[PDB]
Amino acid sequence: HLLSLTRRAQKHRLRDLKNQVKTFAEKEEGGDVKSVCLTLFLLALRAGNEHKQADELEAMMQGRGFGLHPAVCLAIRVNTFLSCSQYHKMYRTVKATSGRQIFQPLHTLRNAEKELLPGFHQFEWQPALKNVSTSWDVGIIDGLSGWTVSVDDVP
Amino acid sequence: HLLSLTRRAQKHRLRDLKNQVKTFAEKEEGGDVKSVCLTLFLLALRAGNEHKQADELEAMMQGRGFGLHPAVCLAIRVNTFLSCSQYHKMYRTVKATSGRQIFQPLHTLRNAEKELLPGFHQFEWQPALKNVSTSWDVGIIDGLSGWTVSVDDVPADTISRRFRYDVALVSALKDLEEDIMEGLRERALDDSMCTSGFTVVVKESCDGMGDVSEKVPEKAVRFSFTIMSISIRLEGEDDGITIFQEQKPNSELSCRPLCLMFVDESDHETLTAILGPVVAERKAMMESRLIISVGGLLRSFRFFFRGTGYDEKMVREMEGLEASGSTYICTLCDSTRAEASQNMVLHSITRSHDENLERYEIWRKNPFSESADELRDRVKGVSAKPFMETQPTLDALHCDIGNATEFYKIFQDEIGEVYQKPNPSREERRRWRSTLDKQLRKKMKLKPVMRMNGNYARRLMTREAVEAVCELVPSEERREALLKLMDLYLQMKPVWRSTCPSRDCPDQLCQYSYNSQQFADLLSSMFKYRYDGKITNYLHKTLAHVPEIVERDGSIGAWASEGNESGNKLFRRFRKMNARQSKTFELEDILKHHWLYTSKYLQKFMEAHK
Ligand SMILES: [Ca+2]
Ligand SMILES: [Zn+2]
């Protein structure tokens, strides 16, 4: 079996096959040796339904994503109701195993949405709004809106 | 470019080269089209000096499969209370975006788990176990155990779920197959040889839980066991050679649940009905020897069980003793309350299972025709029949709580004058409590608790907090006194709370005799007003039986029941997140999910090299 054989035995077992493939590739594609034998693999695997093999091979070759945009992750975390600490646990656990780190750490989520949250973009009005302050970078304010806290009054 | 066309486009171009490669593969390599192209491409990649991708594809179709192993995935699903549907949203999410899916689908988690749960690996008990079926594949069984449900009898109302005991044993031990073989190799012991001489020591714990905010009573009970140590016996002359000893026995992550019921601890009727088959298994398993395929070979184990994780309420309940302000305070010794304020230290361990059985006989047959109080005295507190054997042992954690509530009550008394005024009212007690609580908040920063949990007792039994309330007590002798008291207590504390005192604190053991004696003498002297004839029972256990127990049973605190108590916390979160939703299915689901949570194989991946 040419699977567990050394390099140069598979070499001279398949010299004629690789010669025929290189000749055909030079005949039709200018000579790109790699892309032909890569699609040979494409179709050879997709014959038996193991589409999973084909995906991970198109995963390696100029892959889209080792990793995810940090926004997609922040979104993942908030949309799976993940505790911050649990997600961090997961991040450490999924990074230590086969991790090139994929998920972003937590502290990069915290500055990632400073764009998603309110009070960020600059804006204005004309004519200037009435009875509304013009400061535009005010984030989350508690709604009491200036309650004159002394006790004896309406509390 | 061939990278731009459709796959039908491709086939219809590259048909003839596919035919050529298939025919040559037939005549020379066995007809293997797949491998012949894999190693072809692999060698054309190694033509360029593109070594790194040649390696990625080299480790890609062998050994490791997909991005991260399924078991690592099941484990993360478990270790984060991730709902099945939450997990699929994430799966779709991370897969659709840049994948190369990494996580595995649910139905492969659901198919790769049956390796972790009980009821999967084969075994055989030699000799045959007593009154236990021989099928080795029982999974989760419902605990009623064939109850004759007809209405007119006692009703089979109570819901329960449970494994068969031995199957859970074998599953958690084949889980420990990794570490036992690593212990076998690390010691450089023989592997194929010395297969029938293993020895396992197993701590089991039981406990119930009140005010389970259900979603029949509120209280729930959880019955669990833990693998303490594994040592070796073959081939003779010597003793048990330890191979494995639990590094963190007190942890929750090492506490394996077996049975869950929606029952209260109090009704004895329902508790014994459910937990009976279990007692017979333990008693029936003590004799036989286990035969398991471990480390590649069939091998034979023997067992020693140590029931130590019970609280005293249940320890005394489960042993026929009367509870709990009884005259016979000690579970180990026979002194009354009076006899426990007189003599603090000189005592000898007596109580066990079998004598309790015979003395119950003395109580039931009544061969000497004695009156009640004296039949009470001949048996020395043996009234009800023991149904279950528990090591006569002390629990660490609740001992700390008792001494902490006593010192809290003592501090409340000392702030005011209790040895001046021997009869105060409740007003001064609440009043004394109020200045203590204010003093505790200003100094040490600890708000009060309705009840002193263990961590507040760790912060309580320290010298600074004590000197912040010593400053309230005006007399300088009572002050210096309880301060010397606190110091003596702090020297003898790490003796019982440690895993192995013979190694971690040998010196407190050597002066333990003297340190406990000086504690008891100074208490009796400068406190006779309070400790005339009424002492609590943990104080007894700790002034009479600790050196003897820890010398006898090579370690203490390592067997407390804390590990199981804090796990109820997780039980609670598992009733919140993974509800079935049904009581019928829901206990089974908790057990399933919690058994997985407590596996070690999955905890090796939870660490991932820290
Ligand atoms: Ca308890
Ligand atoms: Zn005793």
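Thresholds, definitions, all that
Residues numbered from 1 in each chain as written, not as in the entry; some residues may be left out. Chains lettered and ligands numbered in written order. Part of a larger assembly, values for the part shown. Heavy atoms only, no water. Helix = DSSP H or I, 4+ residues; strand = E, 2+ residues; numbered from the N terminus. Rg over C-alpha atoms; globule rule 2.2 N^0.38 Å. Buried < 20%, exposed > 50% of the residue type's maximum accessible area, 1.4 Å probe, protein only. Contact = heavy atoms within 4.5 Å. Areas by Shrake-Rupley, 256 points an atom, 1.4 Å probe, with all protein chains shown as cover. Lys, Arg positive; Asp, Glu negative; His and termini not counted. Charge placed at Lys NZ, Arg CZ, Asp CG, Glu CD. Buried area = accessible area lost by both parts, 1.4 Å probe. Salt bridge = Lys/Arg side-chain N within 4 Å of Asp/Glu carboxyl O. Polar contact = N/O pair within 3.5 Å; in protein donor to acceptor, adjacent residues only side chain to side chain. Nonpolar A, V, L, I, M, F, W, Y, C, P; charged D, E, K, R; others polar. Donors = N, O, S within 2.8 Å, 3.2 Å for Na, K, Ca; no water. Tetrahedral: all angles 85-135°; square planar, octahedral: opposite > 155°, others 65-115°. Expected span 1.5 Å × (residues − 1). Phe/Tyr/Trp six-rings, centres within 6.5 Å; stacked < 30°, edge-to-face > 60°. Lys NZ or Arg CZ within 6 Å of the ring centre and 35° of its normal. Core = buried A, V, L, I, M, F, W, Y, C linked by side-chain atoms within 4.5 Å.

As stated in the entry header, the method of structure determination is cryo-EM and the reported resolution is 5.0 Å.

Student: Could you clarify how one ought to interpret the overall build of chain A in this entry?
Tutor: Across its full length, chain A carries seven helices and zero strands. Against the compact-globule benchmark of 15 Å for 155 residues, chain A has a radius of gyration of 30 Å, which places it well outside the compact range. C-alpha extents for chain A along the principal axes are approximately 95 × 40 × 25 Å. Across the 155 residues in chain A, those meeting the buried criterion constitute 30%. Residue pairs at least 24 apart in sequence account for 25% of intrachain contacts in chain A once pairs closer than 6 positions are excluded. For chain A, the computed accessible surface area is about 10,800 Å², with 55% contributed by carbon and sulfur atoms. Computed over 20 positive and 16 negative side-chain charges, the separation of the two mean positions in chain A equals 15 Å.

Student: Sorry, what's going on with the interface of chain A and chain B here?
Tutor: As a measure of interface size, the accessible area lost when the parts come together is often cited. Chain A puts 60 residues into the contact, and the matching count from chain B is 60 residues. For the chain A and chain B pair, buried surface summed over both sides reaches about 5,800 Å², with 68% attributable to carbon and sulfur atoms. For the pair chain A and chain B, the number of links is three salt bridges. A salt bridge links A:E28 to B:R13; its shortest N-O distance comes to 3.8 Å. Linking chain A with chain B are 14 residue pairs in polar contact, by the criterion used here. Secondary-structure elements contributing two or more residues to the side of chain A that touches chain B are α1 (7-13), α2 (15-28), α3 (33-46), α4 (51-60), α5 (70-79) and α6 (84-96) of chain A. The element contributing the most residues to the side of chain A that touches chain B is α3(A), with twelve residues. Of the residues that constitute the side of chain A that touches chain B, the class distribution is 29 nonpolar, 14 polar and 17 charged.

Student: It is not clear to me how the coordination of the calcium ion (ligand 1) should be interpreted in this structure. Could you clarify?
Tutor: Coordination angles at a metal have ideal targets, namely 109.5 degrees for four tetrahedral donors and 90 or 180 degrees for six octahedral donors. Bound to the calcium ion (ligand 1) on the protein side are B:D207 (OD) and B:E565 (OE), at distances that span 2.4 to 2.5 Å. Exposure remark for B:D207: the relative accessible area of 8% places this residue in the buried category.

Student: Can you help me understand the coordination of the zinc ion (ligand 2) in this one?
Tutor: All names here are of chain B. The zinc ion (ligand 2) binds to the protein through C330 (SG), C333 (N), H540 (NE2) and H545 (NE2), with metal-donor distances spanning 1.8 to 2.7 Å. Classification of the site at the zinc ion (ligand 2) as irregular follows from its four donor atoms and the range of 73 to 141 degrees in their angles at the metal. Look at where the donors of the zinc ion (ligand 2) fall in the sequence and you get C-x2-C-x206-H-x4-H. Both residues of the pair, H540 and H545, count as buried.

Student: Is there a simple way to think about helix α2 (residues 33-45) of chain B in this case?
Tutor: Each full turn of the α-helix corresponds to 3.6 residues, which orients residues three or four apart in the same direction. Taking 1.5 Å per residue as the helical rise, α2(B) with its 13 residues ought to reach 18 Å, and the 18 Å between its terminal C-alpha atoms agrees with that figure. In terms of burial, α2(B) is largely enclosed, as ten of its 13 residues are buried. Close packing links the buried residues of α2(B) with α1, α2, α3 and α4 of chain A together with α1 (7-29) and α3 (51-58) of chain B. Near the N-terminus of α2(B), the side chain that reaches the backbone nitrogen of B:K34, with its oxygen 3.3 Å away, is that of B:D32.

Student: Mind showing me how you'd approach the packing of aromatic side chains here?
Tutor: For any pair of aromatic rings, geometry is given as the distance between the ring centres together with the angle between the planes. Here the structure, examined in full by the defined rule, presents 13 aromatic pairs over all chains. An aromatic cluster is defined as three or more aromatic residues linked by ring pairs; in this entry it consists of A:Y87, A:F103, B:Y87 and B:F103. In this structure, A:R100 is placed above the aromatic ring of A:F66, and the distance from its NZ or CZ to the ring centre is 3.9 Å.

Student: I would appreciate a short explanation of the nonpolar core in the present structure.
Tutor: It is characteristic of soluble globular proteins that their nonpolar side chains tend to be buried jointly. All names here are of chain B. Membership of the largest hydrophobic core comes to 60 residues, with the highest contact counts inside it found for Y165, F223, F225, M261, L290, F301 and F303. Each residue touching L290, except ones within four places of it in the same chain, is listed here: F123, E124, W125, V170, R299, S300, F301 and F303. Membership of the second largest hydrophobic core comes to 50 residues, among which are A340, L436, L488 and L543.

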